[PDB]
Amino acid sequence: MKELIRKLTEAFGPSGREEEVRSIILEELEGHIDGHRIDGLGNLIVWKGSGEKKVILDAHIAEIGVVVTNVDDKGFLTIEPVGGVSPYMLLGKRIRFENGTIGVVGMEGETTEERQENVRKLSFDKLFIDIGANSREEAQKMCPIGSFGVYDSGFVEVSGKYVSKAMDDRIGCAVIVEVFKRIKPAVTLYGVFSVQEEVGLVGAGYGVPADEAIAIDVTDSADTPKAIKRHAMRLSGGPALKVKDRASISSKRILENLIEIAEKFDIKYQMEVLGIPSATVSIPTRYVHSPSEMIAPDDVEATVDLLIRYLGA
């Protein structure tokens, strides 16, 4: 599963430009699905099995990133965030653009005073990206306005932990793919690798009737220094099963099912305390929205096992 996670997390797929991720998902699923299609909205749907009960597993396919909004006379780029990228995570960082261009993020300010006031209240309008261009014309040919970029950071093993960009939510995508690769389904199983509308716009179950929908997401792992929170999710604590405050009767039934499956098959799990009946299963992740998101492989394996025990014959 390590190579699968490496490929999916390293793939280029900021919001709206996720074609490479869909391609990797389809190639990885070759010989393991009965069919696939893309719906009008861009969601990738795959399926396997013929059981009477129909179940959707849903993971988001986009990653956070940036988009070029301006090019100045000296070839420097202005950017804005796509998703939850903090400007503080971009300082001195490298960005990989869709066409392969690498850029360096710098901050405006010459004097120590100016730079210090700028970092104290850092905003995107104080950042720029250097792609090595010496003119607007050079930069426009290399990285036109509207170009998307992602963290130029890849997969690395950190003493048994896995670290990469875009664990949120490529690790969920990886869980679903791996379940499809292994499972002999007792259900009709759907995998949905879903898009998300920009905040401010109309938003999207999908184009498939089903009895249950399980979202495979990430959740913050609050097990780092000085974390002083009850209800804390931790690495190696297992899949996090979400206790939703306003959940329907049918949704609570799914949650209880998963608890029983986990307990009966000796699968580690933890309870996360904040239409198709739904449940959420999450991978505990450190440093969400950084270029170095971190998971514990045993949590991911436990999540795959939980789903296979629940849905497999």
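For every residue, the number given is its place in the sequence shown, counted from 1.
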Unmodelled stretch from the deposited sequence between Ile249 and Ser250, which bin: none, 1 to 3, 4 to 9, 10 or more? none
Do any residues of the deposited sequence lie unmodelled between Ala204 and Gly205, and which range holds their number: none, 1 to 3, 4 to 9, or 10 or more? 1 to 3
Can you let me know which of the two, 280-288 or 254-262, has the higher average C-alpha B-factor in the entry? 254-262
Going by the B-factors listed in the PDB entry, is the mean over the C-alpha atoms higher for 225-233 or for 175-183? 225-233
Identity of residue with top Cα B-factor, from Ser164, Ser194, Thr219, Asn99: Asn99
Reading the B-factor column of the entry, which of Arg170, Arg94, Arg136, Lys126 has the highest value at its C-alpha atom? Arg136
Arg37, C-alpha B-factor rank within chain (lowest, middle or highest third): middle
Hey, what third does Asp130 fall into on Cα B-factor, ranked over its chain? lowest
Relative C-alpha B-factor of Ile61, binned into the chain's lowest, middle or highest third: lowest
Chain-relative C-alpha B factor for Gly146 (record values, thirds): the middle
Check where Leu4 lands among this chain's C-alpha B-factors and tell me if it's the lowest, middle or highest third. middle
